[PDB]
S.K.: 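Input: one structure, supplied below.
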Amino acid sequence: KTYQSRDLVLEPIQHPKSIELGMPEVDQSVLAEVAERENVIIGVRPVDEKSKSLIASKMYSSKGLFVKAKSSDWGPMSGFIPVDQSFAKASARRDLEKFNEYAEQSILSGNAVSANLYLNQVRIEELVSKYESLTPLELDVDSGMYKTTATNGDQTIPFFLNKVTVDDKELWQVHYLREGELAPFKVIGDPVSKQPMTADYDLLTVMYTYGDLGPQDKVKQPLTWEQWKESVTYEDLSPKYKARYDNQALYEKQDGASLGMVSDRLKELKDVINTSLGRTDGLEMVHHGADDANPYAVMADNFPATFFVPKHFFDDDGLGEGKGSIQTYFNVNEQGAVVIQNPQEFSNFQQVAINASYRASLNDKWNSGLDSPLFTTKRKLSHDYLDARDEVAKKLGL
Amino acid sequence: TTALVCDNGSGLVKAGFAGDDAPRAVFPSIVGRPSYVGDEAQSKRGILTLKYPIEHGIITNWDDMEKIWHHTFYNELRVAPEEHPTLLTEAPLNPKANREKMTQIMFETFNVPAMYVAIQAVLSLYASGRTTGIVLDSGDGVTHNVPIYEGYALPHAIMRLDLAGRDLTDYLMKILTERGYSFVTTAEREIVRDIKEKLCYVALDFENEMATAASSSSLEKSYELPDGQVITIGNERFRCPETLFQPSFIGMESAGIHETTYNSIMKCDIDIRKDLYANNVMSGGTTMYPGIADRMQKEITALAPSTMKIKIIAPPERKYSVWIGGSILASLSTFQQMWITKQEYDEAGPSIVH
Ligand SMILES: Nc1ccn([C@@H]2O[C@H](COP(=O)(O)OP(=O)(O)OP(=O)(O)O)C[C@H]2O)c(=O)n1
Ligand SMILES: C/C1=C/C(=O)O[C@@H]2C[C@@H](CC[C@H](C)/C=C\CC1)O[C@@](O)([C@@H]1CSC(=O)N1)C2
Ligand SMILES: Nc1ncnc2c1ncn2[C@@H]1O[C@H](COP(=O)(O)OP(=O)(O)O)[C@@H](O)[C@H]1O
Ligand SMILES: [Mn+2]
Ligand SMILES: [Mn+2]
Ligand SMILES: [Mn+2]
């Protein structure tokens, strides 16, 4: 019943809790299949529940490494990226000056535009009735718009929705008080389509099988278009990489600094995920490398995480003989997503996966704020490695 | 002060720190003369002449081997070799003069504090928590059968088969011609190596599998080449690794890996044979094929006495067993008194390694 291996003891989950996730159920299903096909464990950082229908719609592009401004998780701008970061999630409000500069530079540099925020009736009804993120609408005297209120946890701010018709669609344009005067709300839009972008799917980590470890796992620093052209042989490049060698803008938008710290395996798996989601030509959800190689990682912002595992983990002794199944110890939803809620549970999850032959990539930044440094090379050693050393030291007399 | 572990493979070098459960660096054993080593030599293929310093498990080019070791220390591990004791691996049956030269280079060129030279197969057995058993180690340039009793290899019973992954990729390139496909270049060899690693498997019954592939497309697989052209692979999926059991497929008059394992056990004392048969360990990348342990179990069962208990141990990380073994060995406190120190080298010379 209990998972026991050396000093690691896990009790079977008593009463299974249901965790509300922002990732659409259909994307969870795709990732559960990618995990099985590729024989990898894929972890994705949180996505706010209210972003669900925006991602499900498949109408929006999402933010990459050139849009560092945070998305909002409250108000009528929930799921979008406000130009005024005081309307973004708590982490952006904590460093308002830095995140406002991010928002402005992304637009001023051409990697984004300042767009107006339009919401449909379905979205308004969802924010009012489903998530209770917006208070019921009321016609405000003179203004002509529908007043609604929203809280960020500390203060309640009023918002006003004006009925408009864009592309012949009837929508509600979001307005707010800027110096006591009505002003159109601005969100960060895509530099090509001009449409508001949503949050991305940030890979937390990718655990590959030990038998698959090789030169493709070397995490490499981003190279400039010139540094990369000098390092490669043109004839050996596929049509995809030959196009990047022939077009600097194409390399800089799909490769180089835009990926961050990545390995060749991850660049490929990022393509597989994007292709399996049906998200290509500007609408990709995965834009860069995993949080395990992110030097600016914020551990507090990494949970709840959704992990996708190969199907054998779900079998009667998927974690090993007498070790049980992953669902016994971790919350697995209907789509096969293992929901990891905190760093301690992530540490336990990684140890089980390491014991089942899947390799972790540890970020020292994951230990920030922890009572103990769980994510270190020594603490995460494979129990097969530790057990064989105990056996060999005993046999050889060392 | 951590000890270093360096597995000098005929195709790949695996390097890291003792006490770790995996190497930090895995790169190809190649030098591209203008010099480039590992990944950079492979990446700049078009402007370089590539050389493998470890032909068939034995170091043949010491100038190129120093470049590999330098690249390992300074570029890969980012360490000062003069600060870390270093465990190096060697192929079974490595000449005394060869390990003396690698000991001379470790101390005189890199100035290591201490160094130890371990047999690759022995380290693989240690990585499985064992000190007794027979190891089948099949890498890129050589295959070995090494019987071990209480931590020690039995040199008289060691078998060497000059046939490993590299030959299987060349054979796969050869038999792919029989479908109209042409793979002849070094770059094309790498595409075929990838096809081999992804789609090959060992058939339990070769003749019945050949007959099944001859009468249906059920065993066929598709593979997308870098340029997007999709090819179809059929019986080559199992005919390629079949060479390990039938070396006559590539013109070799040598016995297969199942015969050499049996022949190795038979050259050992009767009293330990039961312990070798029950602790057959597979290591190396060329033992990674699906079905190789079941096929080996069956082939050894047909050769061994009827009541002999046969066990094939093929760990999932068997591609790294040699490295893991070295890390386990060099991380043991009671091994810290087996390192050949720089003091002992200055006094005795390269002969100290024996
Ligand atoms: N190899 C990598 C991968 C990612 N990043 C870092 O990853 C972070 C991506 O976080 P965001 O997507 O900008 O923000 P979130 O916290 O995920 O929130 P939201 O998308 O909802 O705005 C910030 C960036 O510094 C990096 O530097 N290097
Ligand atoms: C990913 C990879 C694997 C490997 O095993 O690589 C090693 C080393 C490699 C060296 C040359 C090559 C162009 C460079 C890097 C390949 C590295 O040659 C190999 O591919 C050779 C030739 S084809 C084969 O099966 N073995 C094996
Ligand atoms: N999954 C696999 N299936 C078949 N062959 C494999 C697999 N993985 C690696 N190999 C082969 O194993 C060889 C490398 O293995 P390795 O034990 O590292 O050799 P060495 O130590 O001699 O360099 C290569 O020929 C490679 O193609
Ligand atoms: Mn994000
Ligand atoms: Mn991101
Ligand atoms: Mn080897």
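We name chains A, B, ... by the order of the sequence lines, and we start the count at 1 in each one. Every heavy atom of this structure was used, including side-chain atoms; hydrogens, water molecules and symmetry mates were not.
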S.K.: Assess whether atom NZ of A/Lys229 is packed by more than 12 heavy atoms of other residues, nucleotides or ligands within 6.0 Å.
M.R.: yes
S.K.: Heavy-atom distance under 4.5 Å to chain B: side chain of A/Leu213, backbone, both or neither?
M.R.: both
S.K.: Any idea which heavy atoms bring B/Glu317 and A/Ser357 closest together, and the distance?
M.R.: N-OG, 4.4 Å
S.K.: Is it true that a side-chain atom of A/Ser231 and a backbone atom of B/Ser43 form a donor plus acceptor pair closer than 3.5 Å?
M.R.: no
S.K.: Looking only at heavy atoms, which two atoms of B/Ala127 and A/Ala388 are closest? And how far apart?
M.R.: O-CB, 3.5 Å
S.K.: Using a 4.5 angstrom heavy-atom cutoff, name the option from A/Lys380, A/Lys218, A/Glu235, A/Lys242 with the most pairs to chain B.
M.R.: A/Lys218
S.K.: Please report the closest heavy-atom contact between B/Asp20 and A/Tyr385, naming both atoms and the distance.
M.R.: O-CE1, 3.4 Å
S.K.: Considering only heavy atoms, which portion of B/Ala22 lies under 4.5 Å from any heavy atom of chain A: side chain, backbone, both, or neither?
M.R.: both
S.K.: Between B/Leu12, B/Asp227, B/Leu225, B/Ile47, who has the most heavy-atom pairs with chain A when the cutoff is under 4.5 Å?
M.R.: B/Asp227
S.K.: With chain A, which of B/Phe27, B/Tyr320, B/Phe335 has the greatest number of heavy-atom pairs at distances under 4.5 Å?
M.R.: B/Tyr320
S.K.: Which bit of A/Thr377 is near chain B, if near means a heavy-atom gap under 4.5 Å: side chain, backbone, both or neither?
M.R.: side chain
S.K.: Determine whether more than 12 heavy atoms belonging to other residues, nucleotides or ligands lie under 6.0 Å from atom NZ of B/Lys221.
M.R.: no
S.K.: Count the heavy-atom pairs under 4.5 Å between each of B/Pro315, B/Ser327, B/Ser333 and chain A, then report the option with the highest count.
M.R.: B/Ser327
S.K.: Against chain B, label A/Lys378 side chain, backbone, both or neither, depending on which of its atoms sit under 4.5 Å from a heavy atom there.
M.R.: neither
S.K.: When heavy-atom pairs shorter than 4.5 Å are enumerated against chain A, which of B/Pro23, B/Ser331, B/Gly285 gives the highest number?
M.R.: B/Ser331
S.K.: Could you go through A/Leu396 and B/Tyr152, starting from their C-alpha distance and side-chain angles, then the distance that decides it, and tell me whether this counts as side-chain contact (heavy atoms from CB on, under 4.5 Å)?
M.R.: CA-CA 10 Å; A/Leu396 290 173; B/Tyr152 299 122; over 6 Å; no
S.K.: Using a 4.5 angstrom heavy-atom cutoff, name the option from B/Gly151, B/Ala187, B/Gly19 with the most pairs to chain A.
M.R.: B/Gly19
S.K.: Between B/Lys319 and A/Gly211 (side chain of the first, backbone of the second, donor and acceptor by atom type, cut-off under 3.5 Å), is there such a pair?
M.R.: yes
S.K.: With a 4.5 angstrom heavy-atom cut-off, which part of B/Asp39 approaches chain A: side chain, backbone, both or neither?
M.R.: side chain
S.K.: Is chain A contacted by the side chain of B/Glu76, its backbone, both, or neither, given a heavy-atom distance below 4.5 Å?
M.R.: side chain
S.K.: I need the B/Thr131 OG1 to A/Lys394 NZ distance, nearest 0.5 Å.
M.R.: 11.5 Å
S.K.: Is it the case that over 12 heavy atoms from other parts of the model lie below 6.0 angstrom from the NZ atom of B/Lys274?
M.R.: no
S.K.: Going through the checks in order, is the salt bridge (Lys or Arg N to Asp or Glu O under 4.0 Å) test met by A/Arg359 and B/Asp21?
M.R.: CA-CA 10 Å; A/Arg359 310 303 305 161; B/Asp21 65 358; 2.6 Å; yes
S.K.: Answer yes or no: is there an ion pair linking A/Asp217 with B/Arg24, defined by an N-O contact shorter than 4.0 Å?
M.R.: no
S.K.: Checking heavy atoms, do the side chain of B/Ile324, its backbone, both or neither come under 4.5 Å from chain A?
M.R.: both
S.K.: Indicate yes or no for a side-chain donor-acceptor contact from A/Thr233 to the backbone of B/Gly46 under 3.5 Å, with no hydrogens or angles considered.
M.R.: yes
S.K.: Can you tell which part of A/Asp387 gets under 4.5 Å to a heavy atom of chain B, answering side chain, backbone, both or neither?
M.R.: neither
S.K.: At a 4.5 Å cut-off on heavy atoms, which part of B/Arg318 comes close to chain A: side chain, backbone, both, or neither?
M.R.: neither
S.K.: Among A/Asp212, A/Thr209, A/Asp236, single out the residue with the greatest number of heavy-atom pairs under 4.5 Å to chain B.
M.R.: A/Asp236
S.K.: Would you find more than 12 non-hydrogen atoms of other residues, nucleotides or ligands less than 6.0 Å from B/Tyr36 atom OH?
M.R.: no
S.K.: A/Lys395 side chain to B/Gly129 main-chain N or O, any donor-acceptor pair under 3.5 Å?
M.R.: yes
S.K.: Check A/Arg389 against B/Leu332 and note the closest heavy-atom contact, atom names and distance.
M.R.: CG-CD2, 3.6 Å
